[PDB]
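This is the structure:
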């Protein structure tokens, strides 16, 4: 604001605010039993398999 | 007001009231960078300028 008093008319100030990026990591663990992987690729022909 | 008591009458009365203008002055500074002024007036002759 331009003022009408006797003090020093202060110049504007440009601030340079320098931010960052907070990183985060999320992970969940999933077990698969070995008797489940084994009969996934196994050849099947009977109606029970 | 004309009275019926009688103290003295009242003649015609006027008033002349003086007014004036208050002046004001206003200032606000604008800084310029001396490095920013220096590159302005020369001719650009490269894709960087």
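Chains as they are written, first to last, in the entry's author numbering: chain S, 100 to 148; chain X, 100 to 148. Note that CB positions come from ideal geometry on N, CA and C, so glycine has one too.
Quiz item: Do we get a CB-CB distance below 9 Å when we pair residue 102 of chain X with the residues of chain S?
Solution: Counted from its first residue, the second chain places residue 102 of chain X at position 3. At least 9 Å separates the CB of residue 102 of chain X from every CB of chain S.
Quiz prompt | Cβ neighbours of residue 70 of chain X in the same chain (closer than 8 Å, five flanking residues each side left out) | solution = Look at the range of chain X in this structure, 100 to 148, and you will see that residue 70 of chain X is not part of it.
Quiz item: In the DSSP assignment, what residue or residues form a beta bridge with residue 126 of chain X?
Solution: In the second chain, residue 126 of chain X corresponds to position 27, counting from 1. As a beta-bridge residue in DSSP terms, residue 126 of chain X pairs with S/102.
Practice problem: Just the C-alpha distance for residue 128 of chain S and residue 148 of chain S, rounded to the nearest angstrom, thanks. | Solution: Walking along the first chain from the start, residue 128 of chain S turns up at place 29. Walking along the first chain from the start, residue 148 of chain S turns up at place 49. Their backbone Cα atoms lie some 29 Å apart in a straight line.
Quiz item: DSSP on residue 135 of chain X, reduced to helix/strand/coil?
Solution: Locating residue 135 of chain X in the second chain gives position 36, where the first residue counts as 1. Residue state, collapsed to three classes: helix.
Quiz item: Looking at the C-beta of residue 134 of chain X, does it have a partner C-beta in chain S at a distance below 9 Å?
Solution: Translated into the one-based positions of the second chain, residue 134 of chain X becomes position 35. Output row for residue 134 of chain X: interface = no.
Quiz item: Straight-line CA distance for residue 141 of chain S to residue 126 of chain S?
Solution: Along the first chain, one-based indexing puts residue 141 of chain S at 42. Along the first chain, one-based indexing puts residue 126 of chain S at 27. Cα-Cα distance, rounded: 31 Å.
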